[PDB]
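Peer 1: 3D, please:
(2 chains)
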Amino acid sequence: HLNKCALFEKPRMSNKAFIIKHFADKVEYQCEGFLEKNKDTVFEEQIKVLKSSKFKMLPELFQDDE
Amino acid sequence: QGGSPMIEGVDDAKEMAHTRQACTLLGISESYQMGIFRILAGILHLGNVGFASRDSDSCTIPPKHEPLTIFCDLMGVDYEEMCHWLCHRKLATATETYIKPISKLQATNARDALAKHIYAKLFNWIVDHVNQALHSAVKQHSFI
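Peer 2: Residues are numbered from 1 along each chain as shown, chains lettered A, B, ... in the order given. See the structure here:
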């Protein structure tokens, strides 16, 4: 960011947060949950194993139609 | 977790009455509802799984863990395979694929992610069934 625009603000007191300015309102977001929610650890091999689960509808739930 | 399981002025049994009535009206048979309830019960029972960590990197679910057995029975799936894959993970490198046990906290996070993904898939499946119920063979000139 490097203070490119007033839309982004740097909170001095906390280095684990960032203040984003919107035309509607400016609000500060905490950084703790962003990485935790964004990253979901799923393996393709685990996807295959779950497809191999004995539930007769579970592969149907995991089925992709394309 | 919330500490307030009941909602003031809200009866859950009548809400099941409305839910079943609506699903039957839109064409969903009671078998699909019963399977959804089985999945919900399985997720609820899986939420009670306790993990014994051998060390930081490796952990194994305690043997003959009743919550996991009940989860597998409600899912109609094998117990040992689910136990192995909830205590270990398959890591595929650039040339080799091996099996390595997971961290206990990471095991709990993976179980939570599995429950969330199953719930989301069930929700999407219900949505798709509602769609096919609501889909019109006649072409839509427009829509709102």
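
Peer 1: contact residues of chain B facing chain A?
Peer 2: Within chain B, the residues that sit near chain A (C-beta under 8 Å from any C-beta of the partner chain) are B:35, B:75-78, B:81-82, B:85, B:89-92, B:97, B:106, B:109-110, B:113, B:117-118, B:121-122, B:124-125. From N, CA and C alone the C-beta is placed, and that goes for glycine too.

Peer 1: tell me which of the residues you listed fall in helices.
Peer 2: Secondary structure assignment by DSSP state H places B:35, B:75, B:81-82, B:85, B:106, B:109-110, B:113, B:117-118, B:121-122, B:124-125 of those in helices.

Peer 1: farthest-apart pair in those, please.
Peer 2: Spatially, the most separated pair among these is B:35 and B:106, at 29.9 Å (C-beta to C-beta).

Peer 1: list the contacts for residue B:99?
Peer 2: With contact set as C-beta atoms under 8 Å, 6 or more residues apart in numbering or on different chains, residue B:99 has these partners: B:84, B:88, B:89, B:90, B:91.

Peer 1: if I look at the last one, how far off is residue A:57?
Peer 2: Plainly put, residue B:91 is 29 Å away from residue A:57 if you go by C-beta to C-beta, to the nearest Å.

Peer 1: the more surrounded of those two?
Peer 2: residue A:57 (18 against 13; other C-beta atoms under 10 Å in any protein chain shown).

Peer 1: does the more buried one touch residue B:32 like I think?
Peer 2: No - applying C-beta atoms under 8 Å as the test, residue A:57 and residue B:32 come out as separate, 9.1 Å apart.

Peer 1: which residue ranges of chain B form strands?
Peer 2: Here chain B has its strands, by DSSP state E, at B:88-92, B:97-101.

Peer 1: wait, residue A:11 sits on residue A:30?
Peer 2: No - with contacts counted by C-beta under 8 Å, residue A:11 stays clear of residue A:30, the gap being 9.8 Å.

Peer 1: hey, what's in contact with both of these two?
Peer 2: Residues touching both residue A:11 and residue A:30 by C-beta under 8 Å, 6+ apart: residue A:17.

Peer 1: what parts of chain A come near chain B?
Peer 2: Residues of chain A that fall close to chain B, judged by C-beta under 8 Å from any C-beta: A:40-46, A:49, A:52-58, A:60-62.
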